[PDB]
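Reviewing the structure listed below.
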RNA sequence: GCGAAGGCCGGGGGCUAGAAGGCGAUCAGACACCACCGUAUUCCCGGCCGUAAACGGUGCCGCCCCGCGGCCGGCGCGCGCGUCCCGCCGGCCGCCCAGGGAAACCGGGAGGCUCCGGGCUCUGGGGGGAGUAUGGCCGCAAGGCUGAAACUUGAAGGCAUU
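Below is the structure:
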């Protein structure tokens, strides 16, 4: 059930774009290659992944158990807004190893789900997930390593416009399943809040 | 213990390579194993270059550059610090330092 | 030739992140007076107290003269919050700015919706 | 108490471990017991059993420690026991470096 | 029926019956710490809202180290109707 | 090279035995 | 070149199960492979096997149900006394109750259990559990 | 003093939300509290023996420091075994570290019938094998008439598993004890991860029976 | 059958280096390292010889096996259109998830192996004695190839840690 408004926003957002390097796991999602070399994503496949992630994200009884981790400076605002507009527990910047496994660690969350901006950048959390049975969802690019990631969303994840709009789009669907949004009317929260200047 | 995958040499799909001579030690080294640095340094020093350019009575003169490929043996090169012993992990690392 | 120890640095940084308003930027003595209050902090000795005060007057100059890392000040925290919360008044972001990749038009065609009847180029 | 407990021939580790407990319970943050001599052997050795953090140097050490030296006598020879107990809460003042900052 | 070891009587004597994951089908170990169970909700009819009828897909740590879960999740989603085959 | 020099020294002993046998013959 | 074809294919089936791939393509096809696959399908360790017939040796595409631990060939195809087939099972197969040693008999290719049922000895094609 | 849970699993265990130890093993959950093992095993804990302490030394400028590593096997007599090792300068503290670690790594053991099934699993369910360092031990299902046939260290952990009869065969540096017991530990953790035909029924999808789902 | 170098038998050659040798120095002594000189040799032809850390220290013929790139030799798929892209590749390679190992490390295998069996040929069985003794064969020689025993003895060895 793709919506025209978000797709036109994605066209400005460049979510339809990916790095020239490409991976076989994400080959299904990608549509083609620009003659410049840049890889162009299938927007509807991204939206189907975004809606799928929402269904998974809501199941957890406390939306405080999903953990949003970003070390990318650009994504920090996105995952903090998402944690504020929704109810996720933010673990931004350096993840601090043993956060998910060390009980005597200053923060020792036991999350039921994980959220990652970049598979390579936020690698510490995805390894930590393995030690304590935590599934993970990530914002993957065209070349990414899907190791230890249960579901991945095809997106730039290096574009501030793309990172912010994706988190906004994800937020809209997660609370839509809880009835706190509109469905067929625009969310009052705007995508420019998720994006840093 | 095999210290290096290369085995110290870049001979691949080969059995024998040209012998070369350490420029200081005058020793015979396999061409692949030799240091093989290259210098394009000019003939006269940078300071002398201004004095010589003012002295030259021909217009458009530029200092001639001198080109040589310095090949040194492992013992010769490490001693004069052309290359350096590296840490086990830093030995794997390549690239000009 | 005077490098402060961790204890001096740690105590001074709590003093600044809490009583920033009491401290003054260039004068050690006003900062030393704040250290002398005792209700704010317990400082054993005169030299120990002077060192915490001296670092705290440098910290006070530094926090007014640009942000200092690791300094938890509530008033500065509000200042970023209004800046972060404010988004463009007309919310001008995508603004229906269109612009596609040549390959993207074919991908949009692949879905079959064909946004804007292929006038996206 | 240790020197006389050691005489009944109790385990030397157990002796120190029991004494270590009664000092920490009485409040000492730092407890140190070192028994040195020809223990269960014909050769010298020193056996430090310690529970907690003890200051070992400076002016605080003079007023904040309780070093007591006794010389046990044994058929093998003298196996002197040394016990040092450190109390930060000495009520005479505060540790020179202890910044309360509350 | 009654997965486990049925005795000569037919009583199950296999204590806890391990979980064969939804893709690879290898039994989840007693100490298989990377086993992950992720649940996707069903939108209830018209409304874009939950029904508390979420279906749960288990994923063993062997196919997760491979990274095979994202593809396996997608295929299995259409098998349980959480997506269209496209 | 002790092993290379040790092989050389066995060779010499082998020649001495081989030649001594001829004188004995 | 390929002297044993069953072994090369069975190794591929086990290798695909390791990387969790349902469908495998076996490049060499044979009647012994055909029968070995049929017996595994009956015991449900493998699912339907479809042979793409070619004008040459033939290839088989086998759908796997993810339920085979290991398969194997015995080279050479030894002679087993019917009485000592139990010894072959005790060592090669884990547990007398579970696992199948696949034999060849003048009556036909048969299961170790069926071989015991009529007490006929034979040659071991291989083994699957 | 008493136990105060620092782990979410511990809080559920303290409440009594988790009925059996096996429930956490269905979800293959880590046990980070030895106190949780006591909750399911409160009378005399589990049978634990300290099987040989080997002195270990690090050369230093002054001399060789000495630290002790102890290997402890915690187990009951039925489908529950744990092996851990602990390093401490004081032998006693190291024995405690091993026993606590062994409690943190309790693992279920399958158990089964060699050829004849009566009322009790009397032997290992399969030819379970494991390898720690050079050593490799294979535990072969044995008839109920046969006893557990293994060397004294491996027999000890096979008694704690409660495998009444086994035909173990060990190859490698079995003389190295730590490595030998570790192989007999990894063989028993393999038992509950070996797919067998009886386990081919298809299901799961518990959802509310999930241990993460439970809440204080 | 072929086989680096050194050597050898006999010619051709003979610049350069340079096993021998001689001489300076250097040292307590160097007759060694460093100068300097220089015979055999180094080069060519006709034979020998049959060895090298002749090493990827990893036989050969297969079968499957995951990513990430590079290079070289063909061949296609297209595309404005370029020694571009994308495959198929035949090899040469780097890195590596599983997997393997005592580990170093391999992962184009050293994987698919105690859950041990595709086929073939070779080799090893604690260390010395000993690659010696003796017999054979081959060589002009130097030697090479085959190859013990008496006796002696608790380690030798691998890879890693401090």
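Chains as they are written, first to last, in the UniProt record's numbering: chain A, 14 to 210; chain V, 2 to 98; chain R, 2 to 122; chain G, 110 to 211; chain C, 4 to 89; chain S, 17 to 41; chain F, 2 to 130; chain X, 25 to 240.
Quick reminder that beta carbons are idealized off the backbone N, C-alpha and C, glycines included.
Complete runs of the beta strand (DSSP E) confined to the stretch 150-176 of chain A [at least 3 residues]: none
Residue 39(V), enclosing beta strand (DSSP E) - first and last residue: Residue 39(V) sits at position 38 when you count from the first residue of the second chain. Per DSSP, residue 39(V) belongs to the beta strand (DSSP E) from 38-40.
Simplified DSSP state of residue 40(S), which is helix, strand or coil: As a working note, residue 40(S) is residue 24 in the sixth chain. In this structure, residue 40(S) counts as helix in the three-state DSSP scheme.
Helix, strand or coil at residue 91(F) according to DSSP, with G and I counted as helix: Indexing the seventh chain from 1 puts residue 91(F) at position 90. DSSP places residue 91(F) in helix when its eight states are reduced to three.
Nearest-angstrom Cα separation, counted from residue 9(V) out to residue 87(V): For the purposes of this step, residue 87(V) is identified with residue 86 of the second chain, where counting begins at 1. For the purposes of this step, residue 9(V) is identified with residue 8 of the second chain, where counting begins at 1. Each residue's Cα considered, the two are about 14 Å apart.
Inter-residue CB distance, residue 41(C) and residue 163(A) (contact presumed, cutoff 8 Å): One-based indexing of the fifth chain puts residue 41(C) at position 38. One-based indexing of the first chain puts residue 163(A) at position 150. Correct: roughly 5 Å between the Cβ atoms.
Cα-Cα separation between residue 207(X) and residue 8(C), rounded to whole angstroms: Translated into positions along the eighth chain, residue 207(X) becomes position 183. Translated into positions along the fifth chain, residue 8(C) becomes position 5. In a straight line, the C-alpha of residue 207(X) is about 25 Å away from that of residue 8(C).
Residues near residue 162(X) by beta carbon distance below 6 Å, same chain, minus five either side: Locating residue 162(X) in the eighth chain gives position 138, where the first residue counts as 1. Excluding residues within five positions, the ones whose Cβ falls inside 6 Å are 151, 153, 193.
Per-residue burial, residue 87(R) [other beta carbons within 10 Å of its own, 16 or more giving buried]: Residue 87(R) sits at position 86 when you count from the first residue of the third chain. Result: exposed.
Any 3 or more C-beta pairs closer than 8 Å across the stretch 112-119 of chain A and the stretch 137-155 of chain A: yes
Contact residues within the stretch 131-151 of chain X, judged by C-beta distance below 9 Å to chain C: 131, 132, 133, 134, 135, 136, 137, 140, 141, 142, 143, 144, 145, 149
Beta strand (DSSP E) runs contained entirely in the stretch 73-113 of chain X, provided each spans 3 or more residues: 88-99, 105-112
Residue 37(R) at chain A interface by Cβ criterion, 8 Å: Taking the third chain and counting its residues from 1, the one referred to as residue 37(R) is at position 36. Residue 37(R) does not count as touching chain A.
Minimum Cβ-Cβ distance from residue 145(A) to chain X less than 8 Å: As a working note, residue 145(A) is residue 132 in the first chain. So yes, residue 145(A) belongs to the interface.
Proximity of residue 64(V) and residue 83(V) at Cβ, strictly below 8 Å: Translated into the one-based positions of the second chain, residue 64(V) becomes position 63. Translated into the one-based positions of the second chain, residue 83(V) becomes position 82. No, Cβ-Cβ distance for residue 64(V) and residue 83(V) is not below 8 Å.
CB contact check: residue 197(G) to chain R, cutoff 8 Å: Position 88 of the fourth chain holds residue 197(G). Chain R, which has no Cβ nearer than 8 Å to the Cβ of residue 197(G), makes this no.
Cross-strand partners of residue 194(X) (DSSP beta bridge): Here residue 194(X) corresponds to residue number 170 of the eighth chain, with the count starting at 1. In the DSSP output, where bridge partners are listed per residue, residue 194(X) has 161(X).
Cutoff 7 Å; reference residue 65(C); Cβ partners in own chain excluding five residues on either side: Here residue 65(C) refers to the residue found at position 62 when the fifth chain is read from its first residue. So the list reads 27, 29, once near-sequence residues are dropped.
Pick from 217(X), 108(X), 113(X), 158(X) that is closest to residue 88(X), judged by C-alpha positions: As a first step, residue 88(X) is located in the eighth chain; it is residue number 64 there, counting from the start. The candidate whose alpha carbon is nearest that of residue 88(X) is 113(X).
7 Å Cβ shell around residue 186(A) - same chain, five flanking residues per side excluded: Here residue 186(A) refers to the residue found at position 173 when the first chain is read from its first residue. The answer, listed in chain order, is 63, 64, 67.
Host alpha helix (DSSP H) of residue 54(F) (start-end): Looking up residue 54(F) in the seventh chain gives position 53. Unbroken run through residue 54(F): none, as it is neither H nor E.
Limits of the unbroken alpha helix (DSSP H) element including residue 133(G): Mapped onto the fourth chain, residue 133(G) falls at position 24. Looking at the DSSP string, the run of the alpha helix (DSSP H) that includes residue 133(G) is 121-134.
8 Å Cβ cutoff, residue 38(C) in contact with chain F: The residue labelled residue 38(C) in the question sits at position 35 within the fifth chain. Chain F, which has no Cβ nearer than 8 Å to the Cβ of residue 38(C), makes this no.
Same chain only: Cβ atoms within 8 Å of residue 214(X), ignoring 5 sequence neighbours per side: For the purposes of this step, residue 214(X) is identified with residue 190 of the eighth chain, where counting begins at 1. Excluding positions up to five away in sequence, the list reads 152, 153, 154.
Start and end residues, alpha helix (DSSP H) containing residue 211(X): On the eighth chain, position 187 is the one that residue 211(X) refers to. Run containing residue 211(X): 201-215, per the alpha helix (DSSP H) assignment.
Local conformation of residue 28(R) per DSSP, three classes: As a working note, residue 28(R) is residue 27 in the third chain. Residue 28(R): coil per DSSP, three-state reduction.
Neighbour flag for residue 24(A) against chain C, beta carbons, 8 Å: Taking the first chain and counting its residues from 1, one reaches residue 24(A) at position 11. Chain C, which has no Cβ nearer than 8 Å to the Cβ of residue 24(A), makes this no.
Option nearest residue 58(A) by Cα separation, candidates 121(R), 120(R), 115(R), 111(R): Sequence index remark: in the first chain, residue 58(A) carries index 45 (1-based). Ranking the options by Cα distance to residue 58(A), first place goes to 111(R).
Under 8 Å between C-beta atoms of residue 44(C) and residue 149(A): Taking the first residue of the fifth chain as position 1, residue 44(C) is located at position 41. Taking the first residue of the first chain as position 1, residue 149(A) is located at position 136. Not in contact: residue 44(C) and residue 149(A) (Cβ atoms no closer than 8 Å).
Paired residues, beta bridge with residue 61(F) - DSSP: Locating residue 61(F) in the seventh chain gives position 60, counting from the first residue. Bridge partners of residue 61(F): 27(F), 52(F).
is_contact[residue 68(C), chain A] using C-beta, thresh 8 Å: Position 65 of the fifth chain holds residue 68(C). Closer than 8 Å to some Cβ of chain A, the Cβ of residue 68(C) qualifies, so yes.
Residue 32(A) versus residue 231(X): straight-line alpha-carbon distance, rounded: Here residue 32(A) corresponds to residue number 19 of the first chain, with the count starting at 1. Here residue 231(X) corresponds to residue number 207 of the eighth chain, with the count starting at 1. If I take the Cα positions, the gap works out to 38 Å.
Meets three-Cβ-pair contact criterion under 8 Å: the stretch 169-182 of chain X and the stretch 215-230 of chain X: no
Where residue 15(A) meets chain R, residues with beta-carbon distance less than 8 Å: Counting from one through the first chain, the residue named residue 15(A) turns up at place 2. Going along chain R in sequence order, the residues near residue 15(A) (Cβ under 8 Å) are 112, 114.
Span separating the alpha-carbon of residue 90(A) from that of residue 209(A): Start at 1 with the first residue of the first chain, and residue 90(A) comes out as number 77. Start at 1 with the first residue of the first chain, and residue 209(A) comes out as number 196. Cα to Cα, the separation comes out at about 6 Å.
Residue 52(C): CB within 7 Å of a non-hydrogen atom of the ligand GDP: Annotation note on the ligand GDP: not contained in the displayed structure, which lists no ligands.
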